[PDB]
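Here are the chains, one letter per residue:
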Amino acid sequence: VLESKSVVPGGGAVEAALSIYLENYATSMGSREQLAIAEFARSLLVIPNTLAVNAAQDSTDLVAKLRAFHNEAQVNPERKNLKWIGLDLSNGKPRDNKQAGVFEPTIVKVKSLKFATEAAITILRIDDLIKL
Amino acid sequence: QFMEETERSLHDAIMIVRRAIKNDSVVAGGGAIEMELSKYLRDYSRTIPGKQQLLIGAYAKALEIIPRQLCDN
């Protein structure tokens, strides 16, 4: 909180927005890049998914709500309809950011983002385990 | 080997030429509409879903298969 002042509201509202926000960013592109963004955004929602899954609840029901929570894309309780709002850490049901809602520090994601992408391009390179 | 697909081309027109008459209201061919129809529902895959964005996306997925079936074949 105090050393990292810049934080992103929500951990799952950031998720399903980035689905759309990248889907839009995908939608703008075409060719492979529209796909090359798409399935990247289709790697996202599992993060709130395993949450409610491990909560013995339906993440699809929960994550589609955040997906359903928008007009354009952002995370606020201000318009919790017209944008994304928060998350429930015991569920994945969006929590009002300031009240029960999630906030995530700035580096938490940009670091979590790239490494998986770093790991993704890694195995992708390797076709040969070849031995004697 | 050449001749028949001409004769087929003749009957193709008279069908959809008369079908251009038959239904006055006409949409762009070649799967043109289904393209945005994917968006429009993947809008609703965004928009409504409690869940069925799966359903809505699965549906919208079925739209552009044909021009994908066409160009790729």
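Residues numbered from 1 in each chain as written, not as in the entry; some residues may be left out. Chains lettered and ligands numbered in written order. Part of a larger assembly, values for the part shown. Heavy atoms only, no water.

The record lists cryo-EM as the method behind this PDB entry and 8.5 Å as its resolution.

Draft legend 1. The pattern of salt bridges, seen in detail. Residue and element names in this part refer to chain A. Overall, the coordinates contain 6 salt bridges over all chains when judged by the stated rule. With a closest N to O distance of 2.5 Å, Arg95 and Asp88 form a salt bridge. A salt bridge links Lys109 to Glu104, with the nearest nitrogen and oxygen atoms 3.1 Å apart. Looking at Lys109, the relative accessible area reads 26%, which means it is partly exposed. Residue class for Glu104 comes out buried when judged on its relative accessible area of 18%. Because the salt bridges share partners, they merge into one network encompassing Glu23, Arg42 and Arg67. (Salt bridge = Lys/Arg side-chain N within 4 Å of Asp/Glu carboxyl O. Buried < 20%, exposed > 50% of the residue type's maximum accessible area, 1.4 Å probe, protein only.)

Draft legend 2. Geometry of the nonpolar core. All names here are of chain A. Of all hydrophobic cores here, the largest spans 13 residues; its most connected members are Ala13, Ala16, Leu66, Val75 and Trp84. Listed by contribution, the elements that provide at least two residues to this core are α1 (13-27) and α4 (59-68). Per-element tally for this core: the top contributor is α1, with 5 residues. Sequence-distant contacts of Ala13, that is, excluding residues within four places in its chain, are made with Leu66, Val75, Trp84, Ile85, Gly86 and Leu87. Counting 6 residues, the second-largest nonpolar core is a separate cluster that includes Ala26, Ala38, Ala41 and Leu44. (Core = buried A, V, L, I, M, F, W, Y, C linked by side-chain atoms within 4.5 Å. Helix = DSSP H or I, 4+ residues; strand = E, 2+ residues; numbered from the N terminus. Contact = heavy atoms within 4.5 Å.)

Draft legend 3. Local environment of the side chain of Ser19(A). Residues and elements named next belong to chain A. Looking at the element boundaries, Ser19 is found in helix α1. Overall, the relative accessible area of 0% leaves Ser19 in the buried class. Side-chain polar atoms of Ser19 contact the backbone oxygen of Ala41, separated by 3.4 Å. The contacts of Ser19, once residues within four sequence positions are left out, are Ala41, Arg42, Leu44, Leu45 and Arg67. (Polar contact = N/O pair within 3.5 Å; in protein donor to acceptor, adjacent residues only side chain to side chain.)

Draft legend 4. Summary view of unusual backbone geometry. Residue and element names in this part refer to chain A. Phi at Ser31 takes a positive value of approximately 50°, unusual for a residue other than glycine. Its location among the elements puts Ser31 in helix α2 (residues 31-41). Taking relative accessible area as the criterion, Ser31 reaches 72% and is therefore assigned exposed. The backbone phi angle of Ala56 is positive, close to 60°, even though this residue is not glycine. By the secondary structure assignment, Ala56 is in the loop between α3 (46-54) and α4.

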